[PDB]
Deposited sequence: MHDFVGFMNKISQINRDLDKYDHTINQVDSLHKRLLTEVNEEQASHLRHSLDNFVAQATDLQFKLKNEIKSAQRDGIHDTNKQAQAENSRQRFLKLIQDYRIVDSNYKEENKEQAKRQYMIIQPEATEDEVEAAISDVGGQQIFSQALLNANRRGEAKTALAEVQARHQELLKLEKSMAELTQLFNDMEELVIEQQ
């Protein structure tokens, strides 16, 4: 059994990490949902604390799983059995990566909607285009500047939301890079 136990142990570890990854993604989605409802600033601050932690956790798992799975894929180059197990884990990883990308895309959309509503509350007569312009980088700056002629709270809220958005954009860019990385083949070398 010594020639096969090592490989199965690798597969088992990979699948354990996938379970952890899956759980991590769920926590992220769960925290996103609670954050969209939290009214207490004191409690909201800890939710973001947990969120940041889980996102870092997911980032760590992703890196490890990428290297472990591709490594497993190499072990099965000319071993039908090993190839199938590694591919199996690779397919599970791909699905979770996609689930995570969706979780973040969904939160991104909730974020933007809040941005638009904040402005409509200020400009209850604003048209779509005006609302769309108001949340753009240039549009927001123009509004802030134009104001420099209650904007503190508004600007602080905007900045906080903008920062959250950039974080999501960053993770999503990482997930896309990772997804593409996993889609790439693990090829023979001689």
property: Deposited positions without coordinates, collected into consecutive stretches in sequence order; result: 150-155
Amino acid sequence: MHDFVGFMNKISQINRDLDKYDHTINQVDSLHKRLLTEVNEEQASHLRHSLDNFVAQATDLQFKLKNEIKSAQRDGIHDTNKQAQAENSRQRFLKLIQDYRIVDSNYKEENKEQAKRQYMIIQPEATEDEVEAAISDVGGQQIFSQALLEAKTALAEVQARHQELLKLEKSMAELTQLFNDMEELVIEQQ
From here on, numbers count along this sequence of modelled residues.
{"item": "77-85 versus 95-103 - greater average Cα B-factor per the deposited record", "value": "77-85"}
{"item": "Segment of higher mean CA temperature factor, 58-66 or 153-161", "value": "153-161"}
{"item": "From 135, 122, 143, 51, residue of greatest CA B-factor", "value": "122"}
{"item": "Modelled-residue ranking by C-alpha temperature factor, third containing residue 8", "value": "lowest"}
